[PDB]
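Enquirer: Input structure: start_32.cif, which contains mmCIF, C-alpha atoms.
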data_target
#
loop_
_atom_site.group_PDB
_atom_site.id
_atom_site.type_symbol
_atom_site.label_atom_id
_atom_site.label_comp_id
_atom_site.auth_asym_id
_atom_site.auth_seq_id
_atom_site.Cartn_x
_atom_site.Cartn_y
_atom_site.Cartn_z
ATOM 1 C CA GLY A 1 102.306 74.165 178.179
ATOM 2 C CA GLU A 2 101.008 77.522 177.007
ATOM 3 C CA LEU A 3 97.996 78.698 179.015
ATOM 4 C CA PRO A 4 98.944 79.939 182.491
ATOM 5 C CA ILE A 5 97.657 77.954 185.459
ATOM 6 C CA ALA A 6 96.772 80.815 187.821
ATOM 7 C CA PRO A 7 93.989 82.345 185.680
ATOM 8 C CA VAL A 8 92.256 78.968 185.282
ATOM 9 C CA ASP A 9 92.577 78.301 189.011
ATOM 10 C CA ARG A 10 90.846 81.646 189.597
ATOM 11 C CA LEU A 11 88.110 80.670 187.131
ATOM 12 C CA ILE A 12 87.346 77.613 189.246
ATOM 13 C CA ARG A 13 87.191 79.789 192.344
ATOM 14 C CA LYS A 14 84.783 82.068 190.466
ATOM 15 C CA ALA A 15 82.656 79.032 189.607
ATOM 16 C CA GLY A 16 82.166 78.545 193.340
ATOM 17 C CA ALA A 17 85.187 76.593 194.565
ATOM 18 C CA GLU A 18 86.490 77.570 198.010
ATOM 19 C CA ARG A 19 89.796 75.795 197.340
ATOM 20 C CA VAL A 20 91.363 74.382 194.160
ATOM 21 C CA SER A 21 94.102 71.761 194.047
ATOM 22 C CA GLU A 22 97.222 72.656 192.099
ATOM 23 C CA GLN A 23 96.772 69.673 189.813
ATOM 24 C CA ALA A 24 93.078 70.368 189.188
ATOM 25 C CA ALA A 25 93.888 73.835 187.776
ATOM 26 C CA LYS A 26 96.744 72.417 185.723
ATOM 27 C CA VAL A 27 94.575 69.670 184.255
ATOM 28 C CA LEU A 28 91.760 72.035 183.273
ATOM 29 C CA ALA A 29 94.290 74.415 181.717
ATOM 30 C CA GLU A 30 95.838 71.532 179.773
ATOM 31 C CA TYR A 31 92.425 70.460 178.532
ATOM 32 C CA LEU A 32 91.560 74.041 177.534
ATOM 33 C CA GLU A 33 94.804 74.074 175.599
ATOM 34 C CA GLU A 34 93.912 71.050 173.483
ATOM 35 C CA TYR A 35 90.373 72.326 173.060
ATOM 36 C CA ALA A 36 91.784 75.639 171.837
ATOM 37 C CA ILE A 37 94.033 73.720 169.424
ATOM 38 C CA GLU A 38 91.083 71.669 168.152
ATOM 39 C CA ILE A 39 88.989 74.764 167.461
ATOM 40 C CA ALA A 40 92.016 76.603 166.038
ATOM 41 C CA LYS A 41 92.561 73.868 163.442
ATOM 42 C CA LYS A 42 89.121 74.351 161.951
ATOM 43 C CA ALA A 43 89.741 78.090 162.076
ATOM 44 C CA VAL A 44 92.950 77.751 160.068
ATOM 45 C CA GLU A 45 91.036 75.620 157.574
ATOM 46 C CA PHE A 46 88.440 78.355 157.053
ATOM 47 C CA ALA A 47 91.244 80.847 156.384
ATOM 48 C CA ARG A 48 93.195 78.641 153.989
ATOM 49 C CA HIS A 49 90.004 77.952 152.000
ATOM 50 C CA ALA A 50 89.473 81.696 151.758
ATOM 51 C CA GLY A 51 92.941 82.076 150.327
ATOM 52 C CA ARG A 52 93.959 83.728 153.588
ATOM 53 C CA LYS A 53 97.063 83.349 155.774
ATOM 54 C CA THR A 54 95.553 85.416 158.571
ATOM 55 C CA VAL A 55 92.887 83.939 160.829
ATOM 56 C CA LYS A 56 90.082 86.432 161.582
ATOM 57 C CA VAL A 57 87.201 86.681 164.087
ATOM 58 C CA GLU A 58 84.881 85.068 161.532
ATOM 59 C CA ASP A 59 87.108 81.961 161.321
ATOM 60 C CA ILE A 60 87.223 81.571 165.123
ATOM 61 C CA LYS A 61 83.448 81.989 165.552
ATOM 62 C CA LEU A 62 82.699 79.288 163.003
ATOM 63 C CA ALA A 63 85.334 77.048 164.577
ATOM 64 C CA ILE A 64 83.815 77.372 168.058
ATOM 65 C CA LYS A 65 80.344 76.690 166.628
ATOM 66 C CA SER A 66 81.209 73.256 165.211
ATOM 67 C CA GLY B 1 88.937 88.777 181.370
ATOM 68 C CA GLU B 2 91.278 86.248 182.995
ATOM 69 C CA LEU B 3 93.036 84.072 180.443
ATOM 70 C CA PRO B 4 95.679 85.995 178.436
ATOM 71 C CA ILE B 5 95.372 86.642 174.701
ATOM 72 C CA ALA B 6 99.023 86.000 173.816
ATOM 73 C CA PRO B 7 99.051 82.316 174.850
ATOM 74 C CA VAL B 8 95.847 81.719 172.856
ATOM 75 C CA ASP B 9 97.210 83.515 169.825
ATOM 76 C CA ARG B 10 100.253 81.233 170.033
ATOM 77 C CA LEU B 11 98.070 78.126 170.160
ATOM 78 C CA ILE B 12 96.294 79.236 166.993
ATOM 79 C CA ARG B 13 99.704 79.559 165.337
ATOM 80 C CA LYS B 14 100.824 76.139 166.558
ATOM 81 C CA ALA B 15 97.655 74.903 164.868
ATOM 82 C CA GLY B 16 98.940 76.187 161.525
ATOM 83 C CA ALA B 17 98.196 79.902 161.589
ATOM 84 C CA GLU B 18 100.755 82.091 159.818
ATOM 85 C CA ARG B 19 99.069 85.238 161.098
ATOM 86 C CA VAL B 20 96.360 85.834 163.698
ATOM 87 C CA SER B 21 94.314 89.018 164.157
ATOM 88 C CA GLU B 22 94.498 90.332 167.716
ATOM 89 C CA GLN B 23 90.661 90.214 167.824
ATOM 90 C CA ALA B 24 90.622 86.609 166.610
ATOM 91 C CA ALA B 25 92.871 85.561 169.497
ATOM 92 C CA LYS B 26 90.883 87.661 171.971
ATOM 93 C CA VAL B 27 87.504 86.138 171.032
ATOM 94 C CA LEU B 28 88.867 82.606 171.275
ATOM 95 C CA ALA B 29 90.316 83.479 174.690
ATOM 96 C CA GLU B 30 86.943 84.773 175.873
ATOM 97 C CA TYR B 31 85.155 81.675 174.632
ATOM 98 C CA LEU B 32 87.693 79.440 176.403
ATOM 99 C CA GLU B 33 87.055 81.533 179.493
ATOM 100 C CA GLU B 34 83.303 80.999 179.223
ATOM 101 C CA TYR B 35 83.807 77.274 178.646
ATOM 102 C CA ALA B 36 86.180 76.754 181.569
ATOM 103 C CA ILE B 37 83.667 78.337 183.925
ATOM 104 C CA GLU B 38 80.887 76.058 182.661
ATOM 105 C CA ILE B 39 83.162 73.071 183.217
ATOM 106 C CA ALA B 40 84.219 74.479 186.587
ATOM 107 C CA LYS B 41 80.668 74.892 187.881
ATOM 108 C CA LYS B 42 80.150 71.177 187.275
ATOM 109 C CA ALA B 43 83.429 70.500 189.053
ATOM 110 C CA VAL B 44 82.278 72.444 192.138
ATOM 111 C CA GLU B 45 79.106 70.335 192.221
ATOM 112 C CA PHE B 46 80.902 66.996 192.317
ATOM 113 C CA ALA B 47 83.156 68.455 195.027
ATOM 114 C CA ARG B 48 80.247 69.763 197.096
ATOM 115 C CA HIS B 49 78.337 66.483 197.042
ATOM 116 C CA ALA B 50 81.555 64.749 197.987
ATOM 117 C CA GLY B 51 81.472 67.031 201.000
ATOM 118 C CA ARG B 52 84.702 68.748 199.885
ATOM 119 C CA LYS B 53 85.451 72.482 199.607
ATOM 120 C CA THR B 54 88.573 71.855 197.530
ATOM 121 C CA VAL B 55 88.040 71.013 193.865
ATOM 122 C CA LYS B 56 90.319 68.115 192.906
ATOM 123 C CA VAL B 57 91.546 66.440 189.698
ATOM 124 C CA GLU B 58 88.875 63.760 189.871
ATOM 125 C CA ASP B 59 86.256 66.546 189.811
ATOM 126 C CA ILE B 60 87.755 68.356 186.797
ATOM 127 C CA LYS B 61 88.131 65.076 184.872
ATOM 128 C CA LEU B 62 84.425 64.347 185.301
ATOM 129 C CA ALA B 63 83.343 67.915 184.500
ATOM 130 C CA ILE B 64 85.378 67.815 181.278
ATOM 131 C CA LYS B 65 83.644 64.657 180.007
ATOM 132 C CA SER B 66 80.086 65.849 180.500
#
Take the structure from the file and write it as structure tokens.
Expert:
Amino acid sequence: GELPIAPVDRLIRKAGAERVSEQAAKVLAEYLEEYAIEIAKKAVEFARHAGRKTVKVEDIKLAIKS
Amino acid sequence: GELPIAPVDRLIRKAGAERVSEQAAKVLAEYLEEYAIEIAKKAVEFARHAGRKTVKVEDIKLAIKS
């Protein structure tokens, strides 16, 4: 995909996990990827409607808060 | 934090972004980081009550749809 697996695996360990299965980290990472895409889409919409090609912090914030 | 900015930036682009401000990508990456942890904490709980120290796919799947 796009998002590395190792960082997500570590995030699970930071959430309290003693051990994390390879597939568990991959799955979460995959889900985070589609979630990112979902939010990104709204972000791109906010930019296009502003007559902008560049997506800024303001677009992302609004996208996450939807 | 943990998750890299570059991959996130690329996801925004694959969502339709022609240009993405470094900050925009960074903030989305940090939010995804915060979200994964929240999901992960729930995953550790299912695992713990199952008597397991290793977080599995079944745990992540349930934490995601909460």
Enquirer: Leaving out residue 41 in chain B and any residue of its chain fewer than 2 positions from it, which residues lie within 9 Å of it when counting only C-alpha atoms, given as a list in words?
Expert: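 In the requested form, the answer reads residues 12, 14, 15, 16 and 17 of chain A; 36, 37, 38, 39, 43, 44, 45 and 63 of chain B.
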Enquirer: What does the structure give for the distance between CA of residue 8 in chain B and CA of residue 40 in chain A, in Å to one decimal?
Expert: 9.3 Å
Enquirer: I'd like the interatomic distance between CA of residue 59 in chain B and CA of residue 42 in chain A, to a tenth of an Å.
Expert: 29.1 Å
Enquirer: What would you get as a CSV table (one decimal) with C-alpha atoms, in the coordinates of the input if chain A were moved onto chain B by least squares over all of its C-alpha atoms in order?
Expert:
chain,number,residue,atom,x,y,z
A,1,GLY,CA,89.0,88.9,181.4
A,2,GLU,CA,91.2,86.3,183.0
A,3,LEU,CA,93.0,84.1,180.4
A,4,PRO,CA,95.9,86.0,178.7
A,5,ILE,CA,95.6,86.6,175.0
A,6,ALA,CA,99.1,86.0,173.9
A,7,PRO,CA,99.2,82.2,174.7
A,8,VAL,CA,96.0,81.6,172.8
A,9,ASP,CA,97.3,83.6,169.9
A,10,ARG,CA,100.3,81.3,169.9
A,11,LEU,CA,98.0,78.2,170.0
A,12,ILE,CA,96.4,79.4,166.8
A,13,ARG,CA,99.8,79.8,165.2
A,14,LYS,CA,100.7,76.3,166.4
A,15,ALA,CA,97.5,75.0,164.7
A,16,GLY,CA,98.9,76.3,161.4
A,17,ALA,CA,98.0,80.0,161.2
A,18,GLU,CA,100.7,82.2,159.6
A,19,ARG,CA,99.1,85.3,161.1
A,20,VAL,CA,96.4,85.8,163.7
A,21,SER,CA,94.2,88.9,164.1
A,22,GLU,CA,94.3,90.6,167.5
A,23,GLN,CA,90.5,90.2,167.9
A,24,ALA,CA,90.5,86.5,166.8
A,25,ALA,CA,92.9,85.6,169.7
A,26,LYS,CA,90.8,87.7,172.1
A,27,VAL,CA,87.6,86.0,171.0
A,28,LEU,CA,88.9,82.5,171.3
A,29,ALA,CA,90.4,83.3,174.8
A,30,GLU,CA,87.0,84.8,175.9
A,31,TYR,CA,85.2,81.6,174.7
A,32,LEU,CA,87.8,79.4,176.5
A,33,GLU,CA,87.1,81.4,179.6
A,34,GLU,CA,83.3,80.7,179.5
A,35,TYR,CA,84.0,77.1,178.6
A,36,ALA,CA,86.3,76.8,181.6
A,37,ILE,CA,83.6,78.4,183.8
A,38,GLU,CA,81.0,75.9,182.5
A,39,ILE,CA,83.2,72.9,183.2
A,40,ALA,CA,84.3,74.4,186.5
A,41,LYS,CA,80.7,74.7,187.7
A,42,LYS,CA,80.1,70.9,187.3
A,43,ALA,CA,83.4,70.4,189.0
A,44,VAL,CA,82.4,72.5,192.0
A,45,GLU,CA,79.1,70.5,192.1
A,46,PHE,CA,81.0,67.2,192.3
A,47,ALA,CA,83.1,68.6,195.3
A,48,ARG,CA,80.1,70.0,197.2
A,49,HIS,CA,78.3,66.6,196.8
A,50,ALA,CA,81.4,64.9,198.3
A,51,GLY,CA,81.2,67.2,201.3
A,52,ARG,CA,84.4,68.9,199.9
A,53,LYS,CA,85.3,72.6,199.6
A,54,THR,CA,88.4,71.8,197.6
A,55,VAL,CA,88.1,70.8,193.9
A,56,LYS,CA,90.4,67.9,192.9
A,57,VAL,CA,91.6,66.4,189.7
A,58,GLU,CA,88.8,63.8,189.8
A,59,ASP,CA,86.2,66.6,189.9
A,60,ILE,CA,87.8,68.4,186.8
A,61,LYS,CA,88.1,65.2,184.8
A,62,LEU,CA,84.4,64.3,185.3
A,63,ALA,CA,83.4,67.9,184.5
A,64,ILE,CA,85.3,67.9,181.2
A,65,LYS,CA,83.8,64.5,180.3
A,66,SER,CA,80.2,65.8,180.4
Enquirer: Residues of chain B within 7 Å of chain A: nearest atom pair and distance (Å, one decimal) for each, counting only C-alpha atoms, sorted by chain and number, as JSON lines?
Expert:
{"residue": "B:2", "atom": "CA", "partner": "A:7", "partner_atom": "CA", "distance": 5.5}
{"residue": "B:3", "atom": "CA", "partner": "A:7", "partner_atom": "CA", "distance": 5.6}
{"residue": "B:7", "atom": "CA", "partner": "A:2", "partner_atom": "CA", "distance": 5.6}
{"residue": "B:11", "atom": "CA", "partner": "A:37", "partner_atom": "CA", "distance": 6.0}
{"residue": "B:12", "atom": "CA", "partner": "A:40", "partner_atom": "CA", "distance": 5.1}
{"residue": "B:15", "atom": "CA", "partner": "A:41", "partner_atom": "CA", "distance": 5.4}
{"residue": "B:16", "atom": "CA", "partner": "A:44", "partner_atom": "CA", "distance": 6.4}
{"residue": "B:17", "atom": "CA", "partner": "A:44", "partner_atom": "CA", "distance": 5.9}
{"residue": "B:18", "atom": "CA", "partner": "A:53", "partner_atom": "CA", "distance": 5.6}
{"residue": "B:19", "atom": "CA", "partner": "A:54", "partner_atom": "CA", "distance": 4.3}
{"residue": "B:20", "atom": "CA", "partner": "A:55", "partner_atom": "CA", "distance": 4.9}
{"residue": "B:21", "atom": "CA", "partner": "A:56", "partner_atom": "CA", "distance": 5.6}
{"residue": "B:23", "atom": "CA", "partner": "A:57", "partner_atom": "CA", "distance": 6.2}
{"residue": "B:24", "atom": "CA", "partner": "A:57", "partner_atom": "CA", "distance": 4.3}
{"residue": "B:27", "atom": "CA", "partner": "A:57", "partner_atom": "CA", "distance": 7.0}
{"residue": "B:28", "atom": "CA", "partner": "A:60", "partner_atom": "CA", "distance": 6.5}
{"residue": "B:32", "atom": "CA", "partner": "A:32", "partner_atom": "CA", "distance": 6.7}
{"residue": "B:37", "atom": "CA", "partner": "A:15", "partner_atom": "CA", "distance": 5.8}
{"residue": "B:40", "atom": "CA", "partner": "A:12", "partner_atom": "CA", "distance": 5.2}
{"residue": "B:41", "atom": "CA", "partner": "A:15", "partner_atom": "CA", "distance": 4.9}
{"residue": "B:44", "atom": "CA", "partner": "A:17", "partner_atom": "CA", "distance": 5.6}
{"residue": "B:53", "atom": "CA", "partner": "A:18", "partner_atom": "CA", "distance": 5.4}
{"residue": "B:54", "atom": "CA", "partner": "A:19", "partner_atom": "CA", "distance": 4.1}
{"residue": "B:55", "atom": "CA", "partner": "A:20", "partner_atom": "CA", "distance": 4.7}
{"residue": "B:56", "atom": "CA", "partner": "A:24", "partner_atom": "CA", "distance": 5.1}
{"residue": "B:57", "atom": "CA", "partner": "A:24", "partner_atom": "CA", "distance": 4.2}
{"residue": "B:60", "atom": "CA", "partner": "A:24", "partner_atom": "CA", "distance": 6.2}
Enquirer: Hey, can I get the axis-aligned box for range 44-59 of chain B? All listed atoms, 4 Å padding on each side, centre and edge lengths in Å to one decimal, as AutoDock Vina command-line options.
Expert:
--center_x 84.9 --center_y 68.1 --center_z 195.3 --size_x 21.2 --size_y 16.7 --size_z 19.3
